[PDB]
Amino acid sequence: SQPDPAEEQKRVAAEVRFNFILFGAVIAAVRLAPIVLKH
Amino acid sequence: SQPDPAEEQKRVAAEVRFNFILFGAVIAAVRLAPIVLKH
Amino acid sequence: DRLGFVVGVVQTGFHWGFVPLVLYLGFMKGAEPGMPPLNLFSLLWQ
Amino acid sequence: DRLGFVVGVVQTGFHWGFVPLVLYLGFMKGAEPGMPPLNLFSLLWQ
Amino acid sequence: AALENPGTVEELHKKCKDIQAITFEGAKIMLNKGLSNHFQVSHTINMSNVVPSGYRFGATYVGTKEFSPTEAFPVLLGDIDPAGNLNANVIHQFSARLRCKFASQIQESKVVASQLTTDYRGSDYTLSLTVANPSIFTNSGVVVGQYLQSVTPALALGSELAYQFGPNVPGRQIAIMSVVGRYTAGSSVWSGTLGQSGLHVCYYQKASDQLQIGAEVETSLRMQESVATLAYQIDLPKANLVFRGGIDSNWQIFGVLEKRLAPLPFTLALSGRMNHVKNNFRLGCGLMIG
Amino acid sequence: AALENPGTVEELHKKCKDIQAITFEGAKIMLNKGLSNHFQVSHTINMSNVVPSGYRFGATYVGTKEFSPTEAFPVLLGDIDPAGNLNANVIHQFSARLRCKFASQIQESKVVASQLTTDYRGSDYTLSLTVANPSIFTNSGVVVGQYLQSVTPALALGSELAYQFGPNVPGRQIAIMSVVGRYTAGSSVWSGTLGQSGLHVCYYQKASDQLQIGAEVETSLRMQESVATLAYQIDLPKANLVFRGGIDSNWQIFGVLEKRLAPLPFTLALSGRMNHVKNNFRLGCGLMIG
Amino acid sequence: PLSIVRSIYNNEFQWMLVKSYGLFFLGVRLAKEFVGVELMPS
Amino acid sequence: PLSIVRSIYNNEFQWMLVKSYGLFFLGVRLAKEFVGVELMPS
Amino acid sequence: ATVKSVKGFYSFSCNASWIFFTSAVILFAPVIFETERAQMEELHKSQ
Amino acid sequence: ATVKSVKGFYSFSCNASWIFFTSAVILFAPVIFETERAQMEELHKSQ
């Protein structure tokens, strides 16, 4: 009856985009970090 | 009916003693050879 | 396919031509201006 | 058998005793008369 | 302010792989001939009991009028065996900052592995993007984003995101973010990376010009496998000698002696690896002629 | 008249086996310690990939008050591994004539091979008798009679009769008479033996102290198998170097370097055998310390 | 505690971890001691 | 004579003989030429 | 079983010495050999 | 089949060169290397 067990596959895709935003956020953090540390 | 195929075995023994007398004869020959060669 | 052929062609050209290309650019420069020419014997032995 | 036992005994004595025998005759002679004694450390270190 | 450029994420993970010894097995001969400072040719003969024996022929070209620095780009290097298996590397500088490397390995008349890498350098930071093993006909392939910034003159921090698509990946796409950092503490350069899966940490310790020591740990959180190494290098120009040897936490022990034999530019390498798990020892020896 | 003693039949058959190289596989370490001119101890460590790898401990004793010459008999020499496999040799002199050698190899707690040999050295001739691998409980074993006489100062001739008894022999007893000779005009020395069942010939030739060349053929008339070798030795004290290498008519090629490293009594040994039939190379390296 | 520690030694990953982190930190101790060492000194 | 000589080459012992006596006599020819040779001469 | 226990300790201590001495022959000994030889060379050169 | 005949000759030329050069690397080359190095050492010593 199921068309596809898509949910696990799309949740993995959701975690992939979550990894992307986390990768960006850590770059944003370190891009702020030296000012925050020297401030 | 045969007691033993002894003939081949005893012929090998005969050749073994033949090797012994040949070994002796070549020693006897070389023991004579230098005299024969200087003679 | 246009790429179906061109990709195999270009990769075959890289595959066989890269060492030919390095050698060609080498003999294009040659030796130093004061050195004897790079005869192909210099590829074959010291 | 007399030899059935004595042969195995004597070969076992050779087997384990030959290196013991060589070592014993060595330490019997020892070093040269002017050299330090052959302490058993001579078997173990340079 | 006025920080260094930190390098690149691959140079942190390689940071302690330079002193780790590279053992080889069997007899290997290499002859190098410098035809010009732009053009070099190398003939290498590999005889081994278990490594595939054979000749391979190598040539290198470098330098063109476009590129000013002593790096003397482009670099155009490749070596091929009589069976036709090609290894080749290409390196380019779209500018003084943006640098590019390309490498491809062909065997069985097929490209078995390839990667294209881009490396960009700022006064305080580095950014790089890599693509590798691409399908040309399909979306499938490997992609890696990497970032690294100097945060204090003794400390750098950064980030990495590897990605893959297609049938080689268990999920149709997967990616792994992983933090990265390095702390210098003078000699005691710490390095490592913490992933959403896996961890790696170098320790590196230059004792002196004559002695360099490092250590590693690796770990994987979905694969449940981990290893470590302790490795050292000795450099002895007083003895025309270098030695790299290290213990493996899987109890391989390796040492790769190499001697330069004279001012005459022969070097002799002796390679020993003992697998103490298997009581197995693999010897290699080889001569390099400059 | 007053000819040389010709040596013994085993020295003819060995005549060209001294320059034939003895290759080895893997890494072998040997330490020799001289405890006195009568007593020497040697520790040998062999790490090897397929050759059995381990340790064995060796000791040698020589000389007693009975024996005057610089040979300093008796000789009493043996080396044992921690598994208990013993190799040992015994040599004795009932006089200057009637020298005796004994050797036995014990492994798996069993005598696997042994021989006892006499030499009688009779001015212009030699006579020798050997017994080997004897059963003690049964008549079975090996016997060899050998004779060799100098016939002219350039030429020697002789004879040999090997014999065996028992289940190891296909006939209940077998023996093979075989003539032997040697000729020595100029630098060249010929040698060989003609048997009822085989033939062997050395050719040997000193070119100079730096270069010695020999060749072999072997043949068997009941086994239908034959081989040959061409082998040479280079001695280069200027290079602290000796090299033995030869072609085998089964197309193995072998070379065994040894380098004395210094007045300090290390010698490196480098052993290469390539089986060109199997394209198979076996490397060995080893260090002897005097 | 052999009833405890053997339960690690018996288990591959937990032991692989202990081995790897052990030799690593041993390397850290050794390295921090080695910092003054030279083999054929100036 | 390839019909003749191949009948030897095809047969193991006969070829083993030819190889062994061949390389042997080649060694004799070489050795009788090498008699004057030195490698790092005095 | 005391003798068998001694055979146990022996075979263990034999193996332990094997692993140690083979490892040293790889890791340290090549350095020791060349460093010693270089030191004796310097000694003879300075002697 | 000319190309295939050239592939035949070529692969034979591989074997012939392979067997020759691997053999020389065993039999002769170790002598050549050390003899050359000793001669260059004598040259530099005499220079």
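Note that the chains take the letters A, B, C, D, E, F, G, H, I and J in the order they are written out, and that residue 1 is the start of every chain.
Keep in mind that, in the parts below, a contact is a pair of C-beta atoms (placed from the backbone, for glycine too) under 8 Å apart; a residue touches a chain by one contact, two chains touch by 3 or more.
Here's who's who by UniProt: A, B = RH17559p; C, D = Mitochondrial import receptor subunit TOM7 homolog; E, F = Mitochondrial import receptor subunit TOM40 homolog 1; G, H = GEO13367p1.
When the C-beta pairs in contact are tallied for B-F and for F-J, the bigger tally goes to B-F.
Interface equivalence for E-I, evaluated over E-J, F-J or F-I, points to F-J, where over half of the contact pairs coincide by residue number. Distance between subunit D and subunit H, defined via averaged C-alpha coordinates, is recorded as 51 Å. Taking each chain's centre as the average of its CA atoms, subunit F and subunit H sit 25 Å apart. Within subunit E, residues 27, 47, 234, 236, 238-239, 247, 270, 272, 274, 281 each touch two or more of the remaining chains. Among the residues of subunit G, those in touch with two or more other chains are 39-40. Contact with two or more other chains is made by no residue of subunit B.
The touching residues of subunit C, counted against subunit E in their complex, run 3-4, 7, 11, 14-15, 18-19, 21-23, 25-27, 29-32, 35, 38, 42-43, 46. The touching residues of subunit J, when paired with subunit E in their complex, are 14, 18, 21-22, 25, 29, 33, 36-37, 40-41, 44.
Chain contact summary for the complex, subunit E toward subunit F: residues 26-27, 47-49, 53, 270, 272, 274, 279-285. Residue ranges of subunit F in contact with subunit J, taken from their complex: 234, 236, 238-239, 241, 243, 245-247, 253-255, 257, 259, 270, 272, 274, 276, 281. Partner subunit H is touched in their complex by these residues of subunit J: 31, 35, 38-39.
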